[PDB]
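Here is the structure we will look at.
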Amino acid sequence: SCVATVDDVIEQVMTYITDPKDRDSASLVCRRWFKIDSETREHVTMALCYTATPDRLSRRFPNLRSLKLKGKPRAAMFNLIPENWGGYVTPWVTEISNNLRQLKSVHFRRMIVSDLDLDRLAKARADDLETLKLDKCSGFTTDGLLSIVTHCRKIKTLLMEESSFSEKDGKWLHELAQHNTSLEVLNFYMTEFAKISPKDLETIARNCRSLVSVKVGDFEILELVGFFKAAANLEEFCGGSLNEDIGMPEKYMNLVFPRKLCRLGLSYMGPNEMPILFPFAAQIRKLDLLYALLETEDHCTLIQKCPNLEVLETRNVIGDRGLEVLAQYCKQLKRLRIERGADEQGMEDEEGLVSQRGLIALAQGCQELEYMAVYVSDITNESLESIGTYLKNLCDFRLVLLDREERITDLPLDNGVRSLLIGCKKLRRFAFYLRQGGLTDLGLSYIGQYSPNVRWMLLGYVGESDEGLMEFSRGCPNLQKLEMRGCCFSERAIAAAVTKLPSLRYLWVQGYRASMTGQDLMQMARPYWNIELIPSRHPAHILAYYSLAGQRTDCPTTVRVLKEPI
Amino acid sequence: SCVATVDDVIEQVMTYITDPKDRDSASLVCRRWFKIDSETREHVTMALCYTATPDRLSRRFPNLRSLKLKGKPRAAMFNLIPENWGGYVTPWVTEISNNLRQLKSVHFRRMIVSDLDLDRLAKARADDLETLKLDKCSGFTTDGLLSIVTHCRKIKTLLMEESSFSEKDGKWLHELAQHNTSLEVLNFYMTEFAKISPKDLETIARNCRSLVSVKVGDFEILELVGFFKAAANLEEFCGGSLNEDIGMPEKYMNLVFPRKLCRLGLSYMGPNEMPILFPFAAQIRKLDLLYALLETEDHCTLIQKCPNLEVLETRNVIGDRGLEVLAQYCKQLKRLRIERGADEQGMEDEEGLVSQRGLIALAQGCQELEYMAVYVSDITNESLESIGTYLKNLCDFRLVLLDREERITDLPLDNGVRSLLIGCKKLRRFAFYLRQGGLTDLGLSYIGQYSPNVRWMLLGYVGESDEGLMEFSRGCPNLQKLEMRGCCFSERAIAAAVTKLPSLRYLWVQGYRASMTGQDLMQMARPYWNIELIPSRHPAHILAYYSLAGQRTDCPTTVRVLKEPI
Amino acid sequence: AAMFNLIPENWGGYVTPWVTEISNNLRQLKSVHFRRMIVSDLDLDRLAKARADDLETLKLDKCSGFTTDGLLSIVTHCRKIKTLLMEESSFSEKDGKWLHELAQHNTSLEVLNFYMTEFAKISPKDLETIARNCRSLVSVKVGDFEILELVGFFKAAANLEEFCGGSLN
Amino acid sequence: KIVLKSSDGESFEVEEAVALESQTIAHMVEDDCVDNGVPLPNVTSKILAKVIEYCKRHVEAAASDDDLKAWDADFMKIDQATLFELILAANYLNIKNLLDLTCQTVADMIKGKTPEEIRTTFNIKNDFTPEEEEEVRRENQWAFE
Amino acid sequence: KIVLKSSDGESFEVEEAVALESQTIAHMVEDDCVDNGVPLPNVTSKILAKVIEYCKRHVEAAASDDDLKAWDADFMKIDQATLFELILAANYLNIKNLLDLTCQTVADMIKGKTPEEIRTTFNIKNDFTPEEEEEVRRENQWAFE
Amino acid sequence: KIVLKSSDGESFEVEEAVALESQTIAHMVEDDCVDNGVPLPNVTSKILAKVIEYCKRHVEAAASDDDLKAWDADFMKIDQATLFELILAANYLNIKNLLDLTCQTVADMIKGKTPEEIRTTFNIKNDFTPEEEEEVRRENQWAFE
Amino acid sequence: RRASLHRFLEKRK
Amino acid sequence: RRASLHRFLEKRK
Ligand SMILES: CC[C@@H]1C[C@@H]2C(=O)CC[C@@H]2[C@@H](C(=O)N[C@@]2(C(=O)O)C[C@@H]2CC)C1
Ligand SMILES: CC[C@@H]1C[C@@H]2C(=O)CC[C@@H]2[C@@H](C(=O)N[C@@]2(C(=O)O)C[C@@H]2CC)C1
């Protein structure tokens, strides 16, 4: 018995440090802590798969329980990235086969996943795979799904949201129905399945006592009546199809929703079916009216009945009027997303525009907001000011102003952004997407000056000249990922701003003063810094990121890797 | 909210119905209850594997957690059934691999299990196999044991009692010693192992904190001294070898028995080592003197020290004298089995006969007896009468009278059986095995008349003519399984009694007025009724049972399946 | 001496350590002949899977300890067997699918030999079909098949040079 | 003291440790909706009352069994439609106690009865085709259990 | 009442439900070594004392939270060497509240600090070659997490 | 007079110069732990007894050999398991006289026996491959010694 | 123009 | 002649 050191106790304590940023520090205090962190780290996320080789991952963290890889740039969610760009999951699944023998959960996000690679995953991980998320992935088919649901007999959570695959049959769902007992969450929310049987879904509910969340495609809600009675513990349900026919005026009206349902969104829901929610609206904490067929008036009438609403997603049909409603009935609101609606033939109705009026109303009412993302039809410096004054502890704010309107009240938004960034000092993610007049070099510098906690930024049509990018670049102490499109800045200015930015590890840019020369981007050539061009086949894109691995082996022909003198 | 029905609640309630007979009913109330029972049934026993296909089993009960299959007829435990008769476990383990994905416990009883089929079980079920019972099985080797103990790392209970296999090595035990932590019960009670190390058993004790019961082969008890110290929680121990040498007069005497040991049987224990039990005899609730080397005098002296004895198994050496001892010291006795001893050169001693004297003493002393099975050297109607009067709530009673004695006091036992069956109305299992004069057609009809609760009966040398069988056959409202050997009855009489018996689903008969014709048994040909003959290669056997599957594919040459006109 | 019932059945001769060695280290083996050895189903399932299409010839010669499950395992995994022998072996016969499996997929069989064996569940039709598919079938030895049931077999076995067994009743 | 709002606008004043018998109301003091009282619109007010009565009494096992199986048995002298609503309610909240006793009480009604007696004393229509009934009966008596 | 014998011959009179907070001392009333008092010679007597004090107080959540986080926080106003000995001790016995409390208390010292501040406030010498430090730093910031 | 605390809580009253035969107990009166008696929890109490008996007698070579080899020889008339525990104990304490006697006693069991007789009378499994046994036998008889 | 709503804004009309 | 005691009645003698 001698004086007990930290060393006599750190193996034990390390497992109580949970925060990824504290593990980060701990791993750096000395060789031993490095090793203990290495052998005990349970979850790792890779924001860009091409950032390290799978060998490096499994050498550092041999005992991962949980992995999450992202591939294609966010831009891909907006049809800006070529389908074959990259994000092949397959080297990662072979590494999982051989060296991550502890993995119980895999989340692939925006990646290419083939049937071969999921047959390999299934066989390698088998009964140990508790969760699989194919999140906005492509490249597979129902054979792949069948393979994982027959070899992974204990899957607790299986997700395919927004993935594109080829549907040859429905036996994957049937196979779940027949043998799976452990399913907790099942999610194929934004997906075309035409060959799966609502009977199978119902039988899954009957067999899966812990089934808590299910999201689904265009199933006729009436066909899910059995499902709903059997899903006793259901808390979340999204999807289905509400198809009214004039024939049955009360087609629905007799839905048994599970008594616990509190997170939901029924697709195509109109004003005539809306009322089936009233009986328990007090209970609803999350609403997804993103695919709903209801008008600005109808929004107010439903929002009004949901005092405990903390998350709302919807189209801009919500209108200023809707925001006003939300403003005083739902004081607990934490997250609000206003997507953009049918923007061709009038804004869906003559109230389906949100503006300064709604924003400033919202700012005053829902002061608990942590996430706000809004496609707005018109802004004023005043509204940004009130955001900044009232709703502190906003963590993620995104504003895009639509191109529909001709006249925008007052445009140069410098003084508004500035007070916004000053008041919401908890802000970590920030998107600001405008029109040319929108922000001046002075304002661009403001964004760089007053955003000390911002890790990610998407900047829209900001600035007037290179002066702005450069002024901006002397700020952003913590900016890791920068996405800019529709900006004037020149090659040398982009290059020079990348050099100044202390924390930048990812850059995506569309629209910029190019030059066939190419050779101006080069003035940011650093070691470990990969620059990729997607040529003007949409305007040229620049993708650049740090990587310990060197240049990807697997570029398409549409993508040119920039290297020193040609 | 409408009137809540049973239907809104039955999924939940069903899982509180535990009794197999109540599940049986529940499954029959309507299609829905059938389905819920189907998906929730946890345990299923099959008294005869050939009664349904494995496909049927796993379609009806896809989520079994626990399975128990029996194969060979009980007669096999008495070398009456050919080794190759059937009971092949292999289609069942392939069905478990594919479709009983939830199985955590398997009990095979009197079946043929190969190394291949246990390698497949091990790999298919791996860490999920909590318990494996190879109960009086044959056909495997130590390779199979090794395979399940290396792939099933969490086994809680592993049993091989009375199984025959080829022993190539001792690594299976060593593999448990090295990696197993979870073992609760380990049983190789009646088995020849010559290559396993008592060191490995000791180390298992040291590593398995929940080790409660272990039964063993011919290990020198002295070599287990370390084991006993380490097995702190041990409640049961049977087996070992007590080998005295005149050299060490106090060879033993210094045994540390775990302080909790209360269910035990030391093999070959003589009168000189017996005393090591005295220190805690008050604590002993289960005694297995079946393989003990002690005389009728010594039985009394030990029995006498065990006031709390509720289970005693022993050979007939116990004597009438021992039964008398047991009669007033052990009032709590619930189960007694008196096996037959060395019956060649005098009954082991001149008191080693049990008779009317012991039985009637017993009936009066141990009125709590639920199970009594006895090989008796002489009976009297009076003793049967006292059993019937004093020990109600007897559930299982078996009497066999030895063939040693020439004169049996009073023989026709009709009036005794009759009051026995009338007083013990809780009786579910009944065996009565005599000599020709033993029972008359009148008595035989008594058995059928006064046994409304008997599910199983083994009838010895009963009756005088077909009149008795037929009279018997109009009773036995609940007789499921009938075993008769050494009876005179003719083929047509057997066939006719089967037809009359409402509940019969299993029939085994040895010795009966045959006929090369064969065609008289045919007069019981029903649909789903399988009849099999084991020809007189011992006298011809008749096996017949109901089956949803059709005739077995896997008969040996020694077994002839009877079908309509040859 | 074991061929004259003088040696205990359990004496030894377990083939299993040898098949595990074959799995791992005799990666070139195309022919195995076991004589008077104990062969289990496990050990022939391992042999079949380890050697698969490379196993040209298997001889279970006066061996014991296996069953038709073993046979099936080798005839489904060893799709190119040229010579398969079980003469005088003792095993448990649960079914006839091994022979049927050969009939359905095997083309390469040159010699097939279950001369001194009790098979009651195999079909002479299957044997005939083997003869029809195996152009190089040169030798077959068989159990107590009624010779009359093999008439088709004999017409189809054009290249047959050797035949033993059958039953003339 | 916590407020529970029934499924027909009916506030209920209830003690701390009483409302906590429900793990559904307990996991709801994290994201505390309690600001406006816990909104549970799936329990009838009549029923919620009965639920609180049960929880009230069991929490008074502070002063520490024999008299409980008594109150429990007496609490269950209700009608079917109400028994069922209690089960649905115990499952909606998360009262495991209100469950091992009610469910066992319903199971005790099944135990021992034949299939006819069962649907008699629950009013359930035997919808088996005669083949189905037969197969199930055969499986049950020749094969399984 | 149970006796705990510390690692320097020091008997400790402690109540039933107090010594049971340790599943190591609980799983030791099965094979009851209690005949001679529970021999636990890995805990200093000074430490064992502090362990019993903690268990004593928490068991007095019979009278049923706010004042506990207060006593707990005040109980942890100790020095490092002692904090660490408590962790070791909570692990040796099996006191989830306490191991989960001492370990958490040490972890709270790390949380938020930088790698320098960490080895500062624990006096640990940075033994990384500069290449190693760089690799680890790059991995952490460009690739993983 | 010094106190020795055996490995099962068993105090032993022993004289000064007797406990000093052990240089392990002697180097422990410097940093004198004697305050609480010398804690030696690696010696069974049965064994420690036998050790003290040995030391007691040898210290009585104050009154000044022939009768010692006699008591010694008679002291060693014990069983193997106990001989070995004495060796381990003499090594744990530091009694050079006692190790030279227990070790020699075990060595006397080996002396004169053949390799088979040795593993017989110690129950040791011959784990040599036959080639190894042959090489060693050849080396021993043709080459070395 | 998000890719999930571009699919809906057309399944709508 | 039970198969468990037939093994013993001979291991006895
Ligand atoms: C190449 C970048 C894309 C540019 C895309 C473009 O055309 C406009 C926005 C869209 C973009 C976007 O992410 N929009 C938001 C959103 O969460 O979807 C932030 C905006 C919501 C409030 C990104
Ligand atoms: C098919 C009958 C066999 C015939 C066997 C024979 O020879 C007589 C009994 C034995 C039979 C038997 O079951 N004996 C008992 C016992 O449980 O073992 C019941 C008898 C114990 C008192 C089995």
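How things are named: the first chain in the structure tokens is A, the next is B, and so on; residues count from 1 in each chain; ligands count from 1 in the order shown.
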Least-squares superpose chain F on chain E across all ordered C-alpha pairs, then write out what you get as an mmCIF file with C-alpha atoms, in the first residue's frame.
data_model
loop_
_atom_site.group_PDB
_atom_site.id
_atom_site.type_symbol
_atom_site.label_atom_id
_atom_site.label_comp_id
_atom_site.auth_asym_id
_atom_site.auth_seq_id
_atom_site.Cartn_x
_atom_site.Cartn_y
_atom_site.Cartn_z
ATOM 1 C CA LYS F 1 -26.098 -6.167 13.341
ATOM 2 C CA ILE F 2 -22.985 -7.320 11.407
ATOM 3 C CA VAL F 3 -19.222 -7.098 12.057
ATOM 4 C CA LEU F 4 -16.832 -5.842 9.414
ATOM 5 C CA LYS F 5 -13.136 -6.450 9.999
ATOM 6 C CA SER F 6 -10.976 -3.787 8.307
ATOM 7 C CA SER F 7 -7.482 -4.354 6.821
ATOM 8 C CA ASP F 8 -5.664 -3.511 10.055
ATOM 9 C CA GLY F 9 -7.645 -5.419 12.664
ATOM 10 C CA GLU F 10 -10.475 -2.978 13.356
ATOM 11 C CA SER F 11 -13.913 -4.343 14.121
ATOM 12 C CA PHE F 12 -16.888 -2.288 12.919
ATOM 13 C CA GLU F 13 -20.369 -2.575 14.399
ATOM 14 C CA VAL F 14 -22.826 -1.869 11.563
ATOM 15 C CA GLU F 15 -26.555 -2.344 11.012
ATOM 16 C CA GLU F 16 -28.106 -5.042 8.860
ATOM 17 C CA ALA F 17 -29.375 -3.012 5.879
ATOM 18 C CA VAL F 18 -26.270 -0.801 5.922
ATOM 19 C CA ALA F 19 -23.771 -3.589 5.342
ATOM 20 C CA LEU F 20 -26.123 -4.940 2.645
ATOM 21 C CA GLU F 21 -25.551 -1.972 0.328
ATOM 22 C CA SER F 22 -22.413 -3.912 -0.586
ATOM 23 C CA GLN F 23 -23.412 -6.864 -2.765
ATOM 24 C CA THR F 24 -19.980 -8.254 -1.863
ATOM 25 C CA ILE F 25 -20.955 -8.349 1.813
ATOM 26 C CA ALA F 26 -24.461 -9.562 0.855
ATOM 27 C CA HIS F 27 -23.273 -12.528 -1.305
ATOM 28 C CA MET F 28 -21.277 -13.356 1.825
ATOM 29 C CA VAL F 29 -24.225 -14.073 4.114
ATOM 30 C CA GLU F 30 -25.080 -17.094 1.957
ATOM 31 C CA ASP F 31 -21.950 -19.067 2.815
ATOM 32 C CA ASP F 32 -22.135 -16.857 5.930
ATOM 33 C CA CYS F 33 -18.542 -16.163 6.976
ATOM 34 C CA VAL F 34 -20.288 -13.770 9.380
ATOM 35 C CA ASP F 35 -19.478 -16.325 12.117
ATOM 36 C CA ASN F 36 -16.153 -14.514 12.562
ATOM 37 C CA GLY F 37 -17.296 -11.201 11.068
ATOM 38 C CA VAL F 38 -16.844 -10.425 7.354
ATOM 39 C CA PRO F 39 -13.077 -10.363 6.682
ATOM 40 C CA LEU F 40 -12.345 -7.561 4.200
ATOM 41 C CA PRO F 41 -8.566 -6.838 4.361
ATOM 42 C CA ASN F 42 -8.370 -4.617 1.277
ATOM 43 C CA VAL F 43 -10.053 -1.573 2.753
ATOM 44 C CA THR F 44 -8.078 0.741 4.988
ATOM 45 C CA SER F 45 -9.919 1.339 8.277
ATOM 46 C CA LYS F 46 -10.017 5.092 7.556
ATOM 47 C CA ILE F 47 -11.683 4.380 4.198
ATOM 48 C CA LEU F 48 -14.070 1.684 5.430
ATOM 49 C CA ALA F 49 -15.271 4.275 7.922
ATOM 50 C CA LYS F 50 -16.072 6.703 5.120
ATOM 51 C CA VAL F 51 -17.850 3.946 3.145
ATOM 52 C CA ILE F 52 -20.106 3.096 6.075
ATOM 53 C CA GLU F 53 -20.900 6.762 6.603
ATOM 54 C CA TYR F 54 -22.083 6.945 2.972
ATOM 55 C CA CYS F 55 -24.191 3.803 3.231
ATOM 56 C CA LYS F 56 -25.644 4.832 6.593
ATOM 57 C CA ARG F 57 -27.044 8.049 5.048
ATOM 58 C CA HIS F 58 -28.403 6.568 1.811
ATOM 59 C CA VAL F 59 -30.314 3.800 3.604
ATOM 60 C CA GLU F 60 -32.059 6.654 5.439
ATOM 61 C CA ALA F 61 -33.929 7.316 2.211
ATOM 62 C CA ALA F 62 -36.553 5.234 4.015
ATOM 63 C CA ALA F 63 -38.033 8.484 5.189
ATOM 64 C CA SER F 64 -38.142 9.443 1.511
ATOM 65 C CA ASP F 65 -33.884 13.500 -2.728
ATOM 66 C CA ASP F 66 -33.058 17.189 -2.821
ATOM 67 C CA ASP F 67 -30.984 17.084 0.395
ATOM 68 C CA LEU F 68 -29.068 14.046 -0.869
ATOM 69 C CA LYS F 69 -27.272 15.695 -3.780
ATOM 70 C CA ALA F 70 -26.297 18.163 -1.117
ATOM 71 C CA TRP F 71 -24.794 15.670 1.392
ATOM 72 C CA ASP F 72 -23.271 13.791 -1.534
ATOM 73 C CA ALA F 73 -21.570 16.874 -2.961
ATOM 74 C CA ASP F 74 -20.315 17.777 0.521
ATOM 75 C CA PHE F 75 -19.165 14.180 1.090
ATOM 76 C CA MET F 76 -16.978 14.464 -2.010
ATOM 77 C CA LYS F 77 -15.113 17.533 -0.724
ATOM 78 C CA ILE F 78 -12.116 15.252 -0.093
ATOM 79 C CA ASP F 79 -8.624 14.979 -1.557
ATOM 80 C CA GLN F 80 -7.636 13.029 -4.660
ATOM 81 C CA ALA F 81 -5.789 10.174 -2.994
ATOM 82 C CA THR F 82 -8.905 9.635 -0.874
ATOM 83 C CA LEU F 83 -11.360 9.892 -3.747
ATOM 84 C CA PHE F 84 -9.400 7.208 -5.572
ATOM 85 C CA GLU F 85 -9.318 4.917 -2.534
ATOM 86 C CA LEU F 86 -13.111 5.240 -2.334
ATOM 87 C CA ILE F 87 -13.499 4.171 -5.947
ATOM 88 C CA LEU F 88 -11.273 1.122 -5.383
ATOM 89 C CA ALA F 89 -13.338 0.426 -2.257
ATOM 90 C CA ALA F 90 -16.732 0.765 -3.895
ATOM 91 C CA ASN F 91 -15.494 -1.639 -6.550
ATOM 92 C CA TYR F 92 -14.062 -4.071 -3.934
ATOM 93 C CA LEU F 93 -17.376 -4.164 -2.064
ATOM 94 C CA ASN F 94 -20.119 -3.648 -4.599
ATOM 95 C CA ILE F 95 -21.830 -0.401 -4.002
ATOM 96 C CA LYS F 96 -23.188 0.788 -7.329
ATOM 97 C CA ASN F 97 -24.435 4.077 -5.834
ATOM 98 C CA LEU F 98 -20.953 4.872 -4.465
ATOM 99 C CA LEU F 99 -18.950 4.108 -7.614
ATOM 100 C CA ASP F 100 -21.239 6.238 -9.702
ATOM 101 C CA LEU F 101 -20.374 9.056 -7.297
ATOM 102 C CA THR F 102 -16.620 8.711 -6.834
ATOM 103 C CA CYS F 103 -16.027 7.972 -10.531
ATOM 104 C CA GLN F 104 -18.205 10.889 -11.496
ATOM 105 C CA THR F 105 -16.277 13.082 -9.052
ATOM 106 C CA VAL F 106 -12.989 12.205 -10.747
ATOM 107 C CA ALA F 107 -14.617 12.702 -14.107
ATOM 108 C CA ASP F 108 -15.803 16.154 -13.113
ATOM 109 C CA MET F 109 -12.166 17.076 -12.491
ATOM 110 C CA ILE F 110 -11.348 16.195 -16.135
ATOM 111 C CA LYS F 111 -14.385 17.822 -17.731
ATOM 112 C CA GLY F 112 -13.605 21.152 -19.359
ATOM 113 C CA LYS F 113 -9.814 21.029 -18.812
ATOM 114 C CA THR F 114 -7.294 20.951 -21.658
ATOM 115 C CA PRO F 115 -4.796 18.107 -21.957
ATOM 116 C CA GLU F 116 -2.108 20.210 -20.261
ATOM 117 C CA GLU F 117 -4.407 21.215 -17.390
ATOM 118 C CA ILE F 118 -5.377 17.551 -16.953
ATOM 119 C CA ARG F 119 -1.824 16.208 -16.462
ATOM 120 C CA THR F 120 -1.048 19.283 -14.411
ATOM 121 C CA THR F 121 -3.808 18.565 -11.923
ATOM 122 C CA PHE F 122 -2.928 14.842 -11.693
ATOM 123 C CA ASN F 123 0.838 15.112 -12.183
ATOM 124 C CA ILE F 124 1.106 13.002 -15.378
ATOM 125 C CA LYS F 125 4.146 13.103 -17.666
ATOM 126 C CA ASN F 126 3.230 13.654 -21.323
ATOM 127 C CA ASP F 127 4.929 10.602 -22.902
ATOM 128 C CA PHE F 128 3.888 11.188 -26.536
ATOM 129 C CA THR F 129 6.474 11.459 -29.269
ATOM 130 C CA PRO F 130 5.613 14.661 -31.113
ATOM 131 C CA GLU F 131 4.494 12.647 -34.175
ATOM 132 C CA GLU F 132 2.054 10.666 -32.042
ATOM 133 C CA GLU F 133 0.654 13.774 -30.423
ATOM 134 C CA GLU F 134 0.222 15.292 -33.850
ATOM 135 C CA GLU F 135 -1.555 12.305 -35.383
ATOM 136 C CA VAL F 136 -3.942 12.128 -32.441
ATOM 137 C CA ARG F 137 -4.596 15.850 -32.584
ATOM 138 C CA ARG F 138 -5.231 15.654 -36.345
ATOM 139 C CA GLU F 139 -7.526 12.708 -35.998
ATOM 140 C CA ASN F 140 -9.426 14.489 -33.250
ATOM 141 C CA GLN F 141 -9.940 17.767 -35.141
ATOM 142 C CA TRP F 142 -10.101 16.871 -38.781
ATOM 143 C CA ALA F 143 -11.724 13.449 -38.764
ATOM 144 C CA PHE F 144 -13.416 11.974 -35.717
ATOM 145 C CA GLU F 145 -16.104 13.472 -33.444
#
If we count only C-alpha atoms and set the cut-off at 9 Å, which residues sit around residue 103 in chain C, ignoring sequence neighbours fewer than 4 positions away in its own chain? Please answer as number ranges by chain. C: 98-99, 107, 125-133
Taking only C-alpha atoms and all ligand atoms and a cut-off of 8 Å, can you tell me which residues surround ligand 2, written as a ChimeraX atom specification? /B:74-78,80,337-340,373-376,398-400,431-433,458,460,483-485,508-510 /H:1-2
Hey, what's within 8 Å of residue 381 in chain A if we count only C-alpha atoms and toss same-chain stuff fewer than 2 positions away? As a ChimeraX atom specification, please? /A:379,383-385,410-411,413-417
Taking a cut-off of 12 Å and counting only C-alpha atoms, can you build a table that, for each residue of chain B near chain A, reports the nearest atom pair and how far apart they are in Å (one decimal), sorted by chain then residue number, as a Markdown table?
| residue | atom | partner | partner_atom | distance |
| --- | --- | --- | --- | --- |
| B:1 | CA | A:256 | CA | 9.3 |
| B:2 | CA | A:256 | CA | 10.7 |
| B:7 | CA | A:229 | CA | 10.4 |
| B:8 | CA | A:229 | CA | 8.5 |
| B:9 | CA | A:232 | CA | 10.3 |
| B:10 | CA | A:230 | CA | 11.3 |
| B:11 | CA | A:206 | CA | 8.7 |
| B:12 | CA | A:209 | CA | 10.0 |
| B:32 | CA | A:206 | CA | 11.1 |
| B:35 | CA | A:206 | CA | 9.7 |
| B:36 | CA | A:206 | CA | 8.5 |
| B:37 | CA | A:207 | CA | 11.5 |
| B:38 | CA | A:207 | CA | 10.6 |
| B:39 | CA | A:207 | CA | 7.1 |
| B:40 | CA | A:207 | CA | 8.7 |
| B:58 | CA | A:179 | CA | 10.5 |
| B:59 | CA | A:178 | CA | 9.5 |
| B:60 | CA | A:178 | CA | 11.6 |
| B:61 | CA | A:179 | CA | 10.9 |
| B:62 | CA | A:179 | CA | 7.2 |
| B:63 | CA | A:179 | CA | 7.9 |
| B:64 | CA | A:179 | CA | 11.3 |
| B:97 | CA | A:151 | CA | 11.3 |
| B:98 | CA | A:150 | CA | 9.4 |
| B:99 | CA | A:179 | CA | 7.5 |
| B:100 | CA | A:179 | CA | 8.4 |
| B:101 | CA | A:179 | CA | 7.3 |
| B:102 | CA | A:181 | CA | 8.9 |
| B:123 | CA | A:127 | CA | 11.9 |
| B:124 | CA | A:127 | CA | 10.4 |
| B:125 | CA | A:127 | CA | 10.0 |
| B:126 | CA | A:127 | CA | 10.2 |
| B:127 | CA | A:127 | CA | 10.3 |
| B:128 | CA | A:127 | CA | 10.3 |
Could you list, as an MDAnalysis selection string, every residue within 6 Å of range 438-452 of chain A, counting only C-alpha atoms and ignoring same-chain residues fewer than 3 positions away? chainID A and resid 411:414 418 421 434:435 462:464 468 471:472 475:477
When the cut-off is 8 Å and we count only C-alpha atoms, which residues of chain G are near chain A, given as a VMD selection string? chain G and resid 1 to 5 8 to 9
Using only C-alpha atoms, find each residue in chain A having at least one atom no more than 9 Å away from chain E; report its shortest atom-to-atom pair and that distance in Å (one decimal), rows by chain then rising number, as CSV.
residue,atom,partner,partner_atom,distance
A:3,CA,E:81,CA,6.6
A:4,CA,E:81,CA,5.6
A:5,CA,E:81,CA,6.5
A:6,CA,E:84,CA,6.8
A:8,CA,E:84,CA,7.8
A:9,CA,E:84,CA,6.5
A:10,CA,E:103,CA,8.8
A:12,CA,E:103,CA,7.2
A:13,CA,E:103,CA,5.0
A:14,CA,E:107,CA,7.1
A:15,CA,E:103,CA,8.9
A:16,CA,E:104,CA,6.2
A:17,CA,E:107,CA,5.9
A:19,CA,E:111,CA,8.1
A:20,CA,E:145,CA,6.4
A:21,CA,E:145,CA,8.1
A:22,CA,E:111,CA,5.7
A:23,CA,E:111,CA,8.8
A:24,CA,E:140,CA,6.3
A:25,CA,E:115,CA,5.1
A:26,CA,E:115,CA,6.4
A:27,CA,E:136,CA,7.9
A:28,CA,E:115,CA,5.8
A:29,CA,E:115,CA,5.0
A:30,CA,E:126,CA,5.1
A:31,CA,E:128,CA,6.2
A:34,CA,E:136,CA,8.6
A:43,CA,E:145,CA,8.1
A:44,CA,E:145,CA,5.2
A:45,CA,E:145,CA,4.6
A:46,CA,E:144,CA,5.2
A:47,CA,E:143,CA,7.3
A:48,CA,E:143,CA,7.4
A:49,CA,E:143,CA,8.1
A:50,CA,E:143,CA,8.6
A:51,CA,E:143,CA,5.3
A:52,CA,E:143,CA,6.0
A:56,CA,E:139,CA,8.9
A:57,CA,E:144,CA,7.9
A:60,CA,E:139,CA,9.0
A:505,CA,E:142,CA,6.6
A:545,CA,E:142,CA,8.5
A:546,CA,E:142,CA,6.1
A:547,CA,E:142,CA,6.7
A:548,CA,E:139,CA,7.7
Hey, can you check how far CA of residue 422 in chain A sits from CA of residue 408 in chain A? 24.0 Å
For chain C, list the residues within 6 Å of chain B, counting only C-alpha atoms, and write the list as an NGL selection string. :C and (41-42 or 94)
Next, write the just-selected residues to a file, as a PDB file, in the first residue's frame, keeping C-alpha atoms as the atom set.
ATOM      1  CA  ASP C  41     -21.346 -37.670 -38.995  1.00  0.00           C
ATOM      2  CA  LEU C  42     -19.542 -34.668 -37.635  1.00  0.00           C
ATOM      3  CA  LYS C  94     -32.381 -42.982 -41.541  1.00  0.00           C
TER       4      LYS C  94
END
